[PDB]
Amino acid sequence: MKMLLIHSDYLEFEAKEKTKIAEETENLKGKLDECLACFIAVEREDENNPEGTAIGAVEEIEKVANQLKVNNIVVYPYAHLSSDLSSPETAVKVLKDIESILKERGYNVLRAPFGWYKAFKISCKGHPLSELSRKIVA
């Protein structure tokens, strides 16, 4: 799994174009202020252990989110972070689990929909811990 975590003034997105793997969700458009935007590519190795991957990913997000005193999290599928992707069924499973576990831990989570081409706007705060890269190996 590869993740880029961006401490943002806001993240706004709008689903524009369907792909063959687009999921119809209740958040085709969405916005979250004062948030950690987590851009996530689910990778082929993740298929070995989808559940452990989600757990590892949540541990890293919470480390960052707690250091920054941030409760708003956007889980944003971002397949461009890796050229070794998992299958779509595994990827959906892992993204929804990261969301589900974060909500159980009291975070305010907005999941952007899987399998769409989307427009987005972001403003990255630019302090020393505002942009962080994490590689998760379960």
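Numbers follow the displayed sequence, beginning with 1.
Higher mean CA temperature factor between 45 to 53 and 30 to 38: 45 to 53, per the PDB entry. Taking the PDB entry at face value, the top CA B factor among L102, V74, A65, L95 belongs to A65.
In the PDB entry, a CA B factor belonging to the middle third of its chain's modelled residues is recorded for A22. Split the chain's modelled residues into thirds by C-alpha temperature factor. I122 is in the lowest one.
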